[PDB]
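Quick heads-up: it's one chain on its own, the form deposited in one PDB entry, in structure tokens.
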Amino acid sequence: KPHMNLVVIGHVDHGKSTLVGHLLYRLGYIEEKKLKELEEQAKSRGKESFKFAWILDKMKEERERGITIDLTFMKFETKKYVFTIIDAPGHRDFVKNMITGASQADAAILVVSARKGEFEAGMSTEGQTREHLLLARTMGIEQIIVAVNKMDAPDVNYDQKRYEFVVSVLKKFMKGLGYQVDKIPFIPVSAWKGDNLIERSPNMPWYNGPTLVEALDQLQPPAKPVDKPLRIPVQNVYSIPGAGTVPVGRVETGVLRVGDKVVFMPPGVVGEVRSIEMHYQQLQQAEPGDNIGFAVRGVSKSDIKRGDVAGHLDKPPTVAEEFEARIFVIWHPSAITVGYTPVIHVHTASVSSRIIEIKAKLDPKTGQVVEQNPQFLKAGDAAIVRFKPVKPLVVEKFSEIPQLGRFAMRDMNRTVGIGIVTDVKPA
């Protein structure tokens, strides 16, 4: 049964965690006694409507504020697939976390509230339906399902006109991003009631498409590049009684087996795999797509962090002394010059990088040079630029390992530009 990684994305409060939680529940992955206890705890803290969300949101600050802060990973299994599902935050402060999530994903569920004002807000200039869609594209997610959520809400009440309104807006925007919009399901659901999650909803007779589970089965599994050299960007590092220090991350390329000797770049520390675990099931090998924790003998937690990359010793992950990229500028309030230093979000990493030169401005559609060494770039421009990371950074050429070779540029907490790396000068 093929495995897939699913990221759940969308604007703050639109219903991401409630969807995932409620889906896991009616699919029977969550103990009724636990759902009962969560509900009681939720009511007693003034937050009844967070009972499904609190399956995913566990941190003290998440519960206090009623928001997701960082990623949560859950295994569930449909008729055709086994999914690792990744719950991502909508809050603008934590889009860096959502991005690491997208970098690990094969497909995305975009959760979009149909509630009056909630939709418009998410799709507004500085909204996260807009931003998350953009970032998901740049991190290389092609398969997308959209859950038009909260159909149950009184200000919505299962209205097909409201639904078709959000669908059309979403379609015009998504097509401008390069999505193949004709192929993607727009399912009207209620993450809270359950409508169209797993079974079909009587409240919405006018809807003929897949339910969300059906839509999942209609996805297609991605290429498994087992013959390219091992690369595992670390998403987090735990220190675990019995195991020791265990990096977690999704195997992008190559294969990893217990016994293997592995190196973590850019620090250059080397350890040896004691064990491998996916969703609490011990493994002996892990292949691309596997989202795993791997115990490492001889490595201290302080040696390694998120955004580090693990490969085998003979073909270690490339550390960029500098690198070259083709970029498009989504948004900027003035202009970008040589010297401009946004943070680069690539795979699980995020490191400020200085533009040391702008070799050429390109026509954004054709790719031809329109000017050698432009005096600056502005919103709407495309370019070939050189980048020097402020601290050691791992990147690969897009042509070689695309999952370590696509990136976003962010500055003053906004997404400014997008990029693919066309060349790397190794450290």
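Residues carry their position along the shown sequence, with the first being 1.
Although it is not shown, the form solved in complex with a partner chain is what the next lines describe.
Only one of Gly259, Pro154, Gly178, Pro205 lies close to the partner chain in the bound PDB entry, with a heavy atom inside 4.5 Å, and it is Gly178. Using a 4.5 Å heavy atom cutoff, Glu142, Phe328 and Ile418 all lie near the partner chain in the bound PDB entry. A residue is said to contact a partner when one of its heavy atoms sits within 4.5 Å of a partner heavy atom; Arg137 meets this definition for the partner chain in the bound PDB entry. Remark: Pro364 counts among the residues lining the partner chain in the bound PDB entry, judged by a heavy atom distance of 4.5 Å or less. By the criterion of a heavy atom within 4.5 Å, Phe398 is counted among the residues contacting the partner chain in the bound PDB entry. Only one of 212-220, 145-153, 319-327, 226-234 lies within 4.5 Å of the partner chain in the bound PDB entry by heavy atoms, and it is 319-327.
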